[PDB]
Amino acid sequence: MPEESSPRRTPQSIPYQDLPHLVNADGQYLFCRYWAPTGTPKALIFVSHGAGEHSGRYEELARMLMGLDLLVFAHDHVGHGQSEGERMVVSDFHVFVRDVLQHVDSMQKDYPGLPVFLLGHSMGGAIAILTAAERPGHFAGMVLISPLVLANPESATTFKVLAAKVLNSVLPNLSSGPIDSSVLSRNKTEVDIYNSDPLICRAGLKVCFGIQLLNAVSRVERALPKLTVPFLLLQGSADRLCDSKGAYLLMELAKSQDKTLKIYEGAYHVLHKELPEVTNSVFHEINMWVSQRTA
């Protein structure tokens, strides 16, 4: 008699049967999270995390949105957090977009007729832009927290050179240095939390993955005249990871009739984990923006 193989486990050895999950088109398990209100939801909202991090970092944002009677949902992108895949490897950046769309489609089956929003930070914001550009008119709105539109010009220059070197010869292990955690936030407690989280990949950026981030930037640029979705864009003026010039470019080039930019003067990259005055404002502004578009 043949026997069923041992239960499939996360990279942290937890059986997927014990966790909310979804199997993507490549047969990879994605770890999922849900925050549903007690009443009928007014809308759905997908939360899209950034490079090297995971969905558990959105707990407070998600609880605030759930408090507005939205059903919030997320997954860890392939190669991140509790989802499968070699760490911070992706065959093509579109895999992330495809997988968001599968999860959105699956949720809309369970909750039909509801509007759906996207919320993305950093690389997750590039994923949100490309997801909304692929399906014009499908999403009710998008919240972008320091989305990856333009990288830091120096990091882009250094990676375009490494991409050229790696694309010319066979160097599968070539990597750049790790992200300088001090530039994430002026809030030192949040920098220390980032450095203490075992689900965050703090290894050097692999050149293969950097090439996919360069692809995301190029694809976002081409997508902007196709972007019509309403959006709120939040950006720190002293962001060394996603250049503020990209936020101004998005405001100028997107076709969206409903587009708003808020600049946080002196703030670093992770606006939802910045100094309290900034973080409280970010949560309040997202609350107001979504409340106005779900009422």
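In this text, rigid core is short for the largest set of C-alphas that superpose within 1.5 Å between two forms. One rule holds for the numbers: they count along the sequence shown, beginning at 1.
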**RMS CA shift, core-fitted in 5 other deposited structures of this protein, bigger for 144-152 or for 111-119** = 144-152
**Asked** Is the larger C-alpha RMS shift in 5 other deposited structures of this protein, relative to this form with the rigid core superposed, found in 77-85 or in 155-163?
**Response** 155-163
**Complete:** Of 171-179 and 129-137, the stretch with the higher mean C-alpha B-factor in the deposited entry is 171-179
**Fill in**
As the entry reports it, the stretch among 197-205 and 74-82 with higher mean C-alpha B factor is 197-205
**Asked** When you compare the CA B-factors of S146, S155, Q102, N187 as listed in the entry, which one comes out on top?
**Response** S155
**Message:** So if I compare the CA B-factors in the entry for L119, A223, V116, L213, which one is the largest?
**Reply:** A223
**Asked** Thinking about Cα B factors across the chain, which third does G27 belong to?
**Response** middle
**Complete:** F96: CA B-factor among chain residues, third -> lowest
**Prompt:** In terms of the CA temperature factor given in the entry, to which third of its chain does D69 belong: lowest, middle or highest?
**Reply:** highest
**Prompt:** Looking at the C-alpha B-factor of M123, is it in the lowest, middle or highest third of its chain?
**Reply:** lowest
**Request:** Report the third (lowest, middle or highest) to which the CA temperature factor of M88 belongs, ranking only the modelled residues of the same chain.
**Result:** middle
